[PDB]
Amino acid sequence: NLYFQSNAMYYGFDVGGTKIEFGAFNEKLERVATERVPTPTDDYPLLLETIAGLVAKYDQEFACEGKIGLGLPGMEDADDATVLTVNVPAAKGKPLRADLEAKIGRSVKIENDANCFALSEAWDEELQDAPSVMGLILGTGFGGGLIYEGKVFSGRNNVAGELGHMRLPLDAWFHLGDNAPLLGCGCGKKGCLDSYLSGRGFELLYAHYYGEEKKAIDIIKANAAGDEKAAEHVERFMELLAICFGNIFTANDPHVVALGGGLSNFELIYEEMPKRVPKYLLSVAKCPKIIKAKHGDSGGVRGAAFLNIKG
Ligand SMILES: [Cl-]
Ligand SMILES: [Cl-]
Ligand SMILES: [Zn+2]
């Protein structure tokens, strides 16, 4: 079956703290192979050998040299090309790209896993024609990737798309009222979007205004059932998210927004944003298309592979 070749083949590696996932994709961006191997715990020479080994395995299997893209929970330092990460400790501070290239014998592209998610959504059949795609993960945190013409915009410091680490716009702060909580952020700042618009934030906001720790799922369940406190919280949160989106869209004006992560599963978001965002936009501007992510489960490997699509 593998001899039914396209001219080019794209390999994607999603490197996680416990497993490395590989995927091969043809020119139509169809997936033609899948494999997972353990991430070598604290053995960098073995990490390099494992990745190089997969490239060699599939190159022989397809009788061709696939393009190599890799995503990880981290990023490259823009000035010295070493990896910044905590979940793949063996790679921390290492010139991962240069080491792989020397071992494998050809170019490798590396990118943050959330940027890979965004790129994966942007290459879905329905979004391929969108000039810009903003892919955001609302779960553990908030933020993502800015895709232009099917290519990730990394930024001068490889941090473009870190919308989670801008402070709340003033209108969002006023919306929270007299009892608004100033939430700390793990980046070192106070009041970051990451601490309010994430799944974790949704829960902290409920706990702060009602002195009770409920899990997102249960709060959504209570709202659906008709609990008054849950409804008040959902109303508060929906307008907050709309305000923050309005500010973001005024500066970045994306064509389509794709939402991933645990909270992206809360369907009311898709009904509510189109009704609330326009208020916070310039009079001449319309709310972009905001949709639930379609390829979240394999977004890391897909996006990593797609880093090499010739633009
Ligand atoms: Cl796929
Ligand atoms: Cl999540
Ligand atoms: Zn922050």
# chains A, B, ... in the order shown; residues from 1 in each chain; ligands from 1

call {"tool": "residues_near_ligand", "arguments": {"ligand": "ligand 1", "cutoff": "7 Å", "atoms": "only C-alpha atoms and all ligand atoms", "output": "JSON, numbers by chain"}}
result
{"A": [30, 31, 298, 302]}

call {"tool": "write_last_selection", "arguments": {"atoms": "N, CA, C and O atoms", "output": "CSV table (one decimal), in the first residue's frame"}}
result
chain,number,residue,atom,x,y,z
A,30,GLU,N,-3.1,13.5,4.0
A,30,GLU,CA,-3.8,12.3,4.5
A,30,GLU,C,-2.8,11.6,5.3
A,30,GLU,O,-1.6,11.5,4.9
A,31,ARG,N,-3.2,11.1,6.5
A,31,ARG,CA,-2.2,10.3,7.3
A,31,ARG,C,-2.1,8.9,6.8
A,31,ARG,O,-3.1,8.2,6.6
A,298,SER,N,-5.1,14.8,17.5
A,298,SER,CA,-3.9,14.6,16.7
A,298,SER,C,-3.2,15.9,16.2
A,298,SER,O,-2.4,15.8,15.3
A,302,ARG,N,0.0,16.4,13.6
A,302,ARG,CA,-0.4,17.0,12.3
A,302,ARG,C,0.3,18.3,12.1
A,302,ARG,O,1.0,18.5,11.1

call {"tool": "residues_around", "arguments": {"residues": "residue 18 of chain A", "least_positions_apart": "5", "cutoff": "9 Å", "atoms": "only C-alpha atoms", "output": "VMD selection string"}}
result
chain A and resid 37 to 41 87 to 88

call {"tool": "write_last_selection", "arguments": {"atoms": "N, CA, C and O atoms", "output": "PDB file, in the first residue's frame"}}
result
ATOM      1  N   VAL A  37       6.366   5.664  20.736  1.00  0.00           N
ATOM      2  CA  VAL A  37       7.469   5.047  21.428  1.00  0.00           C
ATOM      3  C   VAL A  37       7.693   5.818  22.738  1.00  0.00           C
ATOM      4  O   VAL A  37       7.292   6.975  22.849  1.00  0.00           O
ATOM      5  N   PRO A  38       8.296   5.173  23.746  1.00  0.00           N
ATOM      6  CA  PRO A  38       8.487   5.942  24.980  1.00  0.00           C
ATOM      7  C   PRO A  38       9.524   7.059  24.827  1.00  0.00           C
ATOM      8  O   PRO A  38      10.481   6.933  24.043  1.00  0.00           O
ATOM      9  N   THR A  39       9.297   8.158  25.538  1.00  0.00           N
ATOM     10  CA  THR A  39      10.231   9.264  25.571  1.00  0.00           C
ATOM     11  C   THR A  39      11.330   8.864  26.548  1.00  0.00           C
ATOM     12  O   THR A  39      11.044   8.582  27.722  1.00  0.00           O
ATOM     13  N   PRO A  40      12.589   8.803  26.076  1.00  0.00           N
ATOM     14  CA  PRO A  40      13.631   8.417  27.015  1.00  0.00           C
ATOM     15  C   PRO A  40      13.688   9.356  28.199  1.00  0.00           C
ATOM     16  O   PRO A  40      13.917  10.557  28.045  1.00  0.00           O
ATOM     17  N   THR A  41      13.432   8.809  29.374  1.00  0.00           N
ATOM     18  CA  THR A  41      13.522   9.594  30.582  1.00  0.00           C
ATOM     19  C   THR A  41      15.008   9.899  30.800  1.00  0.00           C
ATOM     20  O   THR A  41      15.855   8.982  30.742  1.00  0.00           O
ATOM     21  N   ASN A  87       8.807  19.699  30.655  1.00  0.00           N
ATOM     22  CA  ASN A  87       8.256  18.339  30.510  1.00  0.00           C
ATOM     23  C   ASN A  87       9.125  17.332  29.757  1.00  0.00           C
ATOM     24  O   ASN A  87       8.869  16.136  29.826  1.00  0.00           O
ATOM     25  N   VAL A  88      10.131  17.814  29.033  1.00  0.00           N
ATOM     26  CA  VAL A  88      11.074  16.930  28.369  1.00  0.00           C
ATOM     27  C   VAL A  88      12.437  17.369  28.920  1.00  0.00           C
ATOM     28  O   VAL A  88      13.274  17.903  28.176  1.00  0.00           O
TER      29      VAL A  88
END

call {"tool": "closest_residue", "arguments": {"among": "A:72, A:8, A:287, A:116", "to": "residue 305 of chain A", "atoms": "only C-alpha atoms"}}
result
A:116

call {"tool": "closest_atom_pairs", "arguments": {"of": "segment 198-310 of chain A", "to": "segment 122-144 of chain A", "cutoff": "7 Å", "atoms": "only C-alpha atoms", "output": "Markdown table"}}
result
| residue | atom | partner | partner_atom | distance |
| --- | --- | --- | --- | --- |
| A:198 | CA | A:141 | CA | 4.6 |
| A:199 | CA | A:139 | CA | 4.5 |
| A:200 | CA | A:140 | CA | 6.0 |
| A:254 | CA | A:132 | CA | 5.5 |
| A:255 | CA | A:132 | CA | 5.3 |
| A:256 | CA | A:133 | CA | 5.0 |
| A:257 | CA | A:134 | CA | 4.7 |
| A:258 | CA | A:135 | CA | 4.8 |
| A:259 | CA | A:136 | CA | 5.0 |
| A:260 | CA | A:137 | CA | 4.4 |
| A:261 | CA | A:139 | CA | 4.5 |
| A:262 | CA | A:139 | CA | 4.8 |
| A:263 | CA | A:138 | CA | 5.5 |
| A:264 | CA | A:138 | CA | 6.2 |

call {"tool": "write_last_selection", "arguments": {"atoms": "N, CA and C atoms", "output": "CSV table (one decimal), in the first residue's frame"}}
result
chain,number,residue,atom,x,y,z
A,198,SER,N,-9.0,30.4,30.9
A,198,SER,CA,-8.7,28.9,30.9
A,198,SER,C,-9.8,28.2,31.6
A,199,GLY,N,-9.7,26.8,31.5
A,199,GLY,CA,-10.6,26.0,32.3
A,199,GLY,C,-10.4,26.1,33.8
A,200,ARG,N,-9.1,26.3,34.1
A,200,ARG,CA,-8.7,26.5,35.5
A,200,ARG,C,-9.3,27.8,36.0
A,254,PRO,N,-8.5,38.4,13.1
A,254,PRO,CA,-8.3,37.1,12.4
A,254,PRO,C,-9.6,36.7,11.6
A,255,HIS,N,-9.4,35.9,10.5
A,255,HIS,CA,-10.5,35.5,9.7
A,255,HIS,C,-11.3,34.4,10.4
A,256,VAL,N,-10.6,33.5,11.1
A,256,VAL,CA,-11.3,32.4,11.8
A,256,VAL,C,-10.5,32.0,13.0
A,257,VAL,N,-11.3,31.7,14.1
A,257,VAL,CA,-10.8,31.3,15.4
A,257,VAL,C,-11.2,29.9,15.7
A,258,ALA,N,-10.3,29.0,16.0
A,258,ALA,CA,-10.6,27.6,16.4
A,258,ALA,C,-10.2,27.4,17.8
A,259,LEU,N,-11.1,26.9,18.6
A,259,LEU,CA,-10.9,26.7,20.0
A,259,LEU,C,-10.7,25.2,20.4
A,260,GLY,N,-9.6,25.0,21.2
A,260,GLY,CA,-9.3,23.7,21.6
A,260,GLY,C,-9.3,23.6,23.1
A,261,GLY,N,-9.0,22.5,23.7
A,261,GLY,CA,-8.9,22.3,25.2
A,261,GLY,C,-10.2,21.9,25.8
A,262,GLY,N,-10.1,21.6,27.1
A,262,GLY,CA,-11.3,21.2,27.8
A,262,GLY,C,-12.6,22.0,27.7
A,263,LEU,N,-12.4,23.4,27.8
A,263,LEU,CA,-13.5,24.3,27.7
A,263,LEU,C,-14.1,24.5,26.4
A,264,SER,N,-13.3,24.2,25.3
A,264,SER,CA,-13.9,24.3,24.0
A,264,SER,C,-15.0,23.3,23.8

call {"tool": "select_by_dssp", "arguments": {"residues": "segment 50-249 of chain A", "states": "helix (DSSP H, G or I)", "output": "VMD selection string"}}
result
chain A and resid 50 to 62 89 to 91 96 to 104 113 to 122 163 to 165 170 to 175 193 to 195 199 to 210 216 to 225 228 to 249

call {"tool": "select_by_dssp", "arguments": {"residues": "segment 77-152 of chain A", "states": "strand (DSSP E or B)", "output": "short mmCIF file (atom, residue, chain, number, x, y, z; two decimals) with C-alpha atoms, in the first residue's frame"}}
result
data_model
loop_
_atom_site.label_atom_id
_atom_site.label_comp_id
_atom_site.auth_asym_id
_atom_site.auth_seq_id
_atom_site.Cartn_x
_atom_site.Cartn_y
_atom_site.Cartn_z
CA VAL A 83 15.29 24.16 23.88
CA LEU A 84 13.31 25.74 26.72
CA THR A 85 11.10 23.08 28.36
CA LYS A 109 11.84 22.16 12.00
CA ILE A 110 10.84 22.57 15.66
CA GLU A 111 7.82 24.40 17.03
CA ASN A 112 5.73 24.81 20.22
CA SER A 132 -5.44 33.97 8.91
CA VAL A 133 -6.35 31.45 11.59
CA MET A 134 -6.09 32.00 15.30
CA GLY A 135 -6.00 28.64 17.11
CA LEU A 136 -6.52 28.96 20.87
CA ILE A 137 -6.46 26.33 23.62
CA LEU A 138 -8.84 26.97 26.52
CA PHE A 142 -5.16 30.21 27.35
CA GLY A 143 -3.22 31.05 24.20
CA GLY A 144 -2.10 29.55 20.99
CA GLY A 145 -0.90 30.16 17.51
CA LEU A 146 -1.22 32.75 14.81
CA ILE A 147 -1.26 31.20 11.33
CA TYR A 148 -0.95 33.32 8.18
CA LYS A 151 2.35 29.19 8.05
CA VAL A 152 2.94 29.68 11.78
#

call {"tool": "residues_around", "arguments": {"residues": "residue 165 of chain A", "least_positions_apart": "2", "cutoff": "10 Å", "atoms": "only C-alpha atoms", "output": "list in words"}}
result
residues 141, 142, 143, 161, 162, 163, 167, 168, 185, 186, 187, 188, 189, 190, 191, 192, 193, 194 and 195 of chain A

call {"tool": "closest_residue", "arguments": {"among": "A:224, A:114, A:291, A:32", "to": "ligand 2", "atoms": "only C-alpha atoms and all ligand atoms"}}
result
A:114

call {"tool": "closest_residue", "arguments": {"among": "A:296, A:286, A:269, A:171", "to": "residue 247 of chain A", "atoms": "only C-alpha atoms"}}
result
A:171

call {"tool": "residues_around", "arguments": {"residues": "residue 248 of chain A", "least_positions_apart": "4", "cutoff": "10 Å", "atoms": "only C-alpha atoms", "output": "list in words"}}
result
residues 163, 169, 242, 243, 244, 252, 253, 254, 280 and 281 of chain A

call {"tool": "decode", "arguments": {"residues": "segment 10-54 of chain A", "atoms": "N, CA and C atoms", "output": "PDB file, in the first residue's frame"}}
result
ATOM      1  N   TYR A  10       5.420  14.117   4.502  1.00  0.00           N
ATOM      2  CA  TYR A  10       5.701  14.954   5.660  1.00  0.00           C
ATOM      3  C   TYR A  10       5.664  14.128   6.943  1.00  0.00           C
ATOM      4  N   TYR A  11       6.761  14.139   7.697  1.00  0.00           N
ATOM      5  CA  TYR A  11       6.777  13.459   8.964  1.00  0.00           C
ATOM      6  C   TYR A  11       6.572  14.487  10.072  1.00  0.00           C
ATOM      7  N   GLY A  12       5.792  14.100  11.066  1.00  0.00           N
ATOM      8  CA  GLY A  12       5.547  14.898  12.240  1.00  0.00           C
ATOM      9  C   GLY A  12       5.828  14.080  13.493  1.00  0.00           C
ATOM     10  N   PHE A  13       6.526  14.703  14.449  1.00  0.00           N
ATOM     11  CA  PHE A  13       6.837  14.113  15.757  1.00  0.00           C
ATOM     12  C   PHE A  13       6.256  15.013  16.824  1.00  0.00           C
ATOM     13  N   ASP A  14       5.476  14.431  17.718  1.00  0.00           N
ATOM     14  CA  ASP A  14       4.916  15.147  18.855  1.00  0.00           C
ATOM     15  C   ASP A  14       5.650  14.556  20.058  1.00  0.00           C
ATOM     16  N   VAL A  15       6.588  15.327  20.610  1.00  0.00           N
ATOM     17  CA  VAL A  15       7.392  14.857  21.729  1.00  0.00           C
ATOM     18  C   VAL A  15       6.771  15.268  23.052  1.00  0.00           C
ATOM     19  N   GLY A  16       6.339  14.272  23.821  1.00  0.00           N
ATOM     20  CA  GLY A  16       5.741  14.502  25.136  1.00  0.00           C
ATOM     21  C   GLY A  16       6.630  13.971  26.231  1.00  0.00           C
ATOM     22  N   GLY A  17       6.293  14.285  27.479  1.00  0.00           N
ATOM     23  CA  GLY A  17       7.086  13.825  28.617  1.00  0.00           C
ATOM     24  C   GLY A  17       7.177  12.315  28.796  1.00  0.00           C
ATOM     25  N   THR A  18       6.167  11.587  28.320  1.00  0.00           N
ATOM     26  CA  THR A  18       6.161  10.129  28.441  1.00  0.00           C
ATOM     27  C   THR A  18       6.247   9.418  27.077  1.00  0.00           C
ATOM     28  N   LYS A  19       5.582   9.956  26.058  1.00  0.00           N
ATOM     29  CA  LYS A  19       5.610   9.328  24.728  1.00  0.00           C
ATOM     30  C   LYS A  19       5.932  10.260  23.572  1.00  0.00           C
ATOM     31  N   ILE A  20       6.551   9.684  22.547  1.00  0.00           N
ATOM     32  CA  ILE A  20       6.853  10.383  21.317  1.00  0.00           C
ATOM     33  C   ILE A  20       5.909   9.779  20.315  1.00  0.00           C
ATOM     34  N   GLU A  21       5.132  10.628  19.653  1.00  0.00           N
ATOM     35  CA  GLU A  21       4.221  10.161  18.621  1.00  0.00           C
ATOM     36  C   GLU A  21       4.648  10.606  17.243  1.00  0.00           C
ATOM     37  N   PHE A  22       4.681   9.638  16.330  1.00  0.00           N
ATOM     38  CA  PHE A  22       5.043   9.863  14.955  1.00  0.00           C
ATOM     39  C   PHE A  22       3.855   9.726  14.025  1.00  0.00           C
ATOM     40  N   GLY A  23       3.857  10.551  12.981  1.00  0.00           N
ATOM     41  CA  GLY A  23       2.856  10.470  11.920  1.00  0.00           C
ATOM     42  C   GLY A  23       3.492  10.829  10.586  1.00  0.00           C
ATOM     43  N   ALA A  24       3.083  10.124   9.532  1.00  0.00           N
ATOM     44  CA  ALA A  24       3.507  10.416   8.166  1.00  0.00           C
ATOM     45  C   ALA A  24       2.253  10.805   7.409  1.00  0.00           C
ATOM     46  N   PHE A  25       2.365  11.837   6.558  1.00  0.00           N
ATOM     47  CA  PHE A  25       1.243  12.382   5.796  1.00  0.00           C
ATOM     48  C   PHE A  25       1.654  12.580   4.340  1.00  0.00           C
ATOM     49  N   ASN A  26       0.765  12.246   3.397  1.00  0.00           N
ATOM     50  CA  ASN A  26       1.052  12.457   1.965  1.00  0.00           C
ATOM     51  C   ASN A  26       0.792  13.920   1.542  1.00  0.00           C
ATOM     52  N   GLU A  27       0.864  14.217   0.240  1.00  0.00           N
ATOM     53  CA  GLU A  27       0.659  15.590  -0.240  1.00  0.00           C
ATOM     54  C   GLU A  27      -0.749  16.116  -0.041  1.00  0.00           C
ATOM     55  N   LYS A  28      -1.734  15.221   0.021  1.00  0.00           N
ATOM     56  CA  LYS A  28      -3.126  15.614   0.251  1.00  0.00           C
ATOM     57  C   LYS A  28      -3.367  15.810   1.743  1.00  0.00           C
ATOM     58  N   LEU A  29      -2.301  15.646   2.529  1.00  0.00           N
ATOM     59  CA  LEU A  29      -2.315  15.778   3.995  1.00  0.00           C
ATOM     60  C   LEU A  29      -3.120  14.658   4.633  1.00  0.00           C
ATOM     61  N   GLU A  30      -3.126  13.500   3.988  1.00  0.00           N
ATOM     62  CA  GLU A  30      -3.796  12.350   4.524  1.00  0.00           C
ATOM     63  C   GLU A  30      -2.754  11.597   5.340  1.00  0.00           C
ATOM     64  N   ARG A  31      -3.150  11.073   6.492  1.00  0.00           N
ATOM     65  CA  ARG A  31      -2.228  10.338   7.346  1.00  0.00           C
ATOM     66  C   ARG A  31      -2.087   8.904   6.831  1.00  0.00           C
ATOM     67  N   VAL A  32      -0.841   8.481   6.608  1.00  0.00           N
ATOM     68  CA  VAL A  32      -0.541   7.146   6.081  1.00  0.00           C
ATOM     69  C   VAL A  32       0.262   6.252   7.032  1.00  0.00           C
ATOM     70  N   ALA A  33       0.601   6.749   8.227  1.00  0.00           N
ATOM     71  CA  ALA A  33       1.325   5.950   9.222  1.00  0.00           C
ATOM     72  C   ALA A  33       1.267   6.589  10.606  1.00  0.00           C
ATOM     73  N   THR A  34       1.236   5.721  11.611  1.00  0.00           N
ATOM     74  CA  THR A  34       1.176   6.125  13.011  1.00  0.00           C
ATOM     75  C   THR A  34       2.019   5.185  13.878  1.00  0.00           C
ATOM     76  N   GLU A  35       2.772   5.756  14.818  1.00  0.00           N
ATOM     77  CA  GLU A  35       3.567   4.962  15.763  1.00  0.00           C
ATOM     78  C   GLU A  35       3.890   5.816  16.992  1.00  0.00           C
ATOM     79  N   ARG A  36       4.011   5.153  18.145  1.00  0.00           N
ATOM     80  CA  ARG A  36       4.341   5.803  19.417  1.00  0.00           C
ATOM     81  C   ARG A  36       5.427   4.969  20.110  1.00  0.00           C
ATOM     82  N   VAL A  37       6.366   5.664  20.736  1.00  0.00           N
ATOM     83  CA  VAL A  37       7.469   5.047  21.428  1.00  0.00           C
ATOM     84  C   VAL A  37       7.693   5.818  22.738  1.00  0.00           C
ATOM     85  N   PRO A  38       8.296   5.173  23.746  1.00  0.00           N
ATOM     86  CA  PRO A  38       8.487   5.942  24.980  1.00  0.00           C
ATOM     87  C   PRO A  38       9.524   7.059  24.827  1.00  0.00           C
ATOM     88  N   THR A  39       9.297   8.158  25.538  1.00  0.00           N
ATOM     89  CA  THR A  39      10.231   9.264  25.571  1.00  0.00           C
ATOM     90  C   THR A  39      11.330   8.864  26.548  1.00  0.00           C
ATOM     91  N   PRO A  40      12.589   8.803  26.076  1.00  0.00           N
ATOM     92  CA  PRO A  40      13.631   8.417  27.015  1.00  0.00           C
ATOM     93  C   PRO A  40      13.688   9.356  28.199  1.00  0.00           C
ATOM     94  N   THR A  41      13.432   8.809  29.374  1.00  0.00           N
ATOM     95  CA  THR A  41      13.522   9.594  30.582  1.00  0.00           C
ATOM     96  C   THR A  41      15.008   9.899  30.800  1.00  0.00           C
ATOM     97  N   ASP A  42      15.289  11.191  30.995  1.00  0.00           N
ATOM     98  CA  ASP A  42      16.630  11.775  31.216  1.00  0.00           C
ATOM     99  C   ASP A  42      17.850  11.120  30.531  1.00  0.00           C
ATOM    100  N   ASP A  43      17.750  10.919  29.221  1.00  0.00           N
ATOM    101  CA  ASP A  43      18.839  10.357  28.420  1.00  0.00           C
ATOM    102  C   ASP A  43      18.777  11.048  27.047  1.00  0.00           C
ATOM    103  N   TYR A  44      19.491  12.162  26.924  1.00  0.00           N
ATOM    104  CA  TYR A  44      19.442  12.951  25.696  1.00  0.00           C
ATOM    105  C   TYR A  44      20.063  12.238  24.497  1.00  0.00           C
ATOM    106  N   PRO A  45      21.195  11.548  24.690  1.00  0.00           N
ATOM    107  CA  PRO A  45      21.691  10.817  23.518  1.00  0.00           C
ATOM    108  C   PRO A  45      20.660   9.794  23.001  1.00  0.00           C
ATOM    109  N   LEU A  46      19.926   9.163  23.919  1.00  0.00           N
ATOM    110  CA  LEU A  46      18.912   8.173  23.514  1.00  0.00           C
ATOM    111  C   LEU A  46      17.687   8.854  22.901  1.00  0.00           C
ATOM    112  N   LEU A  47      17.397  10.083  23.311  1.00  0.00           N
ATOM    113  CA  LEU A  47      16.271  10.844  22.713  1.00  0.00           C
ATOM    114  C   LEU A  47      16.561  11.094  21.240  1.00  0.00           C
ATOM    115  N   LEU A  48      17.783  11.546  20.961  1.00  0.00           N
ATOM    116  CA  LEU A  48      18.229  11.787  19.588  1.00  0.00           C
ATOM    117  C   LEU A  48      18.195  10.483  18.762  1.00  0.00           C
ATOM    118  N   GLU A  49      18.670   9.399  19.365  1.00  0.00           N
ATOM    119  CA  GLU A  49      18.725   8.118  18.674  1.00  0.00           C
ATOM    120  C   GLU A  49      17.306   7.599  18.342  1.00  0.00           C
ATOM    121  N   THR A  50      16.365   7.764  19.271  1.00  0.00           N
ATOM    122  CA  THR A  50      14.980   7.320  19.052  1.00  0.00           C
ATOM    123  C   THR A  50      14.305   8.059  17.883  1.00  0.00           C
ATOM    124  N   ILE A  51      14.470   9.374  17.852  1.00  0.00           N
ATOM    125  CA  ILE A  51      13.880  10.185  16.774  1.00  0.00           C
ATOM    126  C   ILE A  51      14.545   9.822  15.447  1.00  0.00           C
ATOM    127  N   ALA A  52      15.875   9.828  15.415  1.00  0.00           N
ATOM    128  CA  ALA A  52      16.631   9.483  14.204  1.00  0.00           C
ATOM    129  C   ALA A  52      16.264   8.096  13.685  1.00  0.00           C
ATOM    130  N   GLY A  53      16.021   7.181  14.621  1.00  0.00           N
ATOM    131  CA  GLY A  53      15.653   5.811  14.280  1.00  0.00           C
ATOM    132  C   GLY A  53      14.314   5.722  13.573  1.00  0.00           C
ATOM    133  N   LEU A  54      13.341   6.523  14.019  1.00  0.00           N
ATOM    134  CA  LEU A  54      12.013   6.521  13.381  1.00  0.00           C
ATOM    135  C   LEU A  54      12.111   7.084  11.950  1.00  0.00           C
TER     136      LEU A  54
END
